[PDB]
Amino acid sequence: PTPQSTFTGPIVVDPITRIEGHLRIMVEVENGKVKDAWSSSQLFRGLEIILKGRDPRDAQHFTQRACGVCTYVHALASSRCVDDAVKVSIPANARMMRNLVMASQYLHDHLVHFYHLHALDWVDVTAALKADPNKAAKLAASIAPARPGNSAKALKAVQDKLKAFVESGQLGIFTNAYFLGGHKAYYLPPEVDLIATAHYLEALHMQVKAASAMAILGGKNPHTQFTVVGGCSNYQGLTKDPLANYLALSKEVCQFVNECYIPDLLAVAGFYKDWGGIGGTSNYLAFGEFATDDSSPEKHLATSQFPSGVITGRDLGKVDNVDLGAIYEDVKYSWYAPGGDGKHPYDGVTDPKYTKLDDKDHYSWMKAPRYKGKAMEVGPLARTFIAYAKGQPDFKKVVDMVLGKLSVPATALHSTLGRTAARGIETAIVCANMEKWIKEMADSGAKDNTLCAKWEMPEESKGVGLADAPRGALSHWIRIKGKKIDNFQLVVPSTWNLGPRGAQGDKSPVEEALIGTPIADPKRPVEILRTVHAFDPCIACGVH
């Protein structure tokens, strides 16, 4: 059974490490299970305030700095947002280039998240020192495709490297790790810890290649610089040699995804099947991504190859269309002036007002985005359920492969385990589509290299840019007046997932996912981290 203490009392985890940004989590525990929770964002920067009165063309450069982990996505959302406000339809090549760069971002983002942010919640690195490299090799051979990196020689070299490190006494980033000295919530045998650690180290090199691929089209990573109002500026990104190099790098990354990421994910999920019954929520929203027609937000929602939709009460039989008019943000439990509740983003207000730490009536710098009164989970799991429910062929195949491997029903995906698996699932699907997407653009760019359209700044207008970033549904909302920014509002995936309670006192997805979390050791609450990390929190994003 799942290890669980008898602990009753409060637990605060601040800082939450291995996320982007500054998060404080508070929980109340009763007999070893979480009974109440608060998600408290600890930094405010105020990009929305800073943008007022500025040139709309400048928006993307400021908003990109909402986040350096999900780099690019905010530049994209801002460009879509402004493109919509000035009523310009970008050329086919720009749509293709923009979507490829997003694809590249998914690959980089998910890989790094699983290995460098999430894995340490399930993998005991020091236990890898106890493994026999030969037995670990033999294991890796049965649970994953053959590769020289999984040989006894390669695994022993990793182990020796790790041993020299631990024996030095300078544990660095492993100092005071929750797994040191063993921990009941860590289930993996030493051989699997060794395999996961070896891949952890390989992933550090692989992420460099994933970023290079992205930079071929995006100019640089982090913080791309190739998008303009009306399309893209990167004519070179349409030519033969850079696209050949992009494809080569992408295939290297996709090989790592299929040889290491997916097998590690499945191996881990196999040991932690109990986590298929922990951390579930009920509502899912996605704006979709990889549209074949990005001429407008309505077209984006309708033509996204990763479909948009809204699921409520876990009902996979009723995927509704996204109503952009039904989105609003509450501030009742947030550090903003009371009275800003129920604002649709076109009328958004950002008036910071701090109180104090652990004030249960105002406890976060994130607003609380709600959809028709309901908290919505966004991200890989949302996209996966939505696509699965709509019978999207790739998702249907890859989900059923996972459910079969684990021998669990689809309802098991409503959990922290499912949330982690979904992230791998869509990485595999992005990978499966790269060659086709690249070829489409290579051929298109060879024939006609139009990349940017002509446009004009209106005196007064509004627009919305939608994207499904790696963490979920992202939207930028602009009001233009006197040819300047009059209002600019970001509603970001982490705002949906990790924001505080709404005006009704209703918990956010992460707050609700935490209820029922078993705590094996109140001194070292890894289980809180498992669920929180599964949402892939980005607090710079959520707060902006």
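All residue numbers refer to positions in the sequence shown, first residue = 1.
With 371-379 and 165-173 compared on mean CA B-factor from the PDB entry, the stretch scoring higher is 165-173. Judged by mean Cα B factor in the deposited record, 430-438 ranks above the other of 430-438 and 357-365. For the set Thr350, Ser334, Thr420, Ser142, the PDB entry assigns the largest Cα B-factor to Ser142. Take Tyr186, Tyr346, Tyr235, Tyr328 and read off each C-alpha B-factor from the entry; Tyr235 has the highest.
Among all modelled residues in its chain, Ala77 ranks in the lowest third by Cα B-factor. Placement of the Cα temperature factor of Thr197 within the chain: middle third of the modelled residues, per the deposited record. The deposited CA B-factor of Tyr284 belongs to the lowest third of values across its chain. Residue-level temperature factors show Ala146 in the highest third of its chain, judged at the C-alpha atom. Remark: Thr411 belongs to the highest third of its chain, ranked by C-alpha B-factor as recorded.
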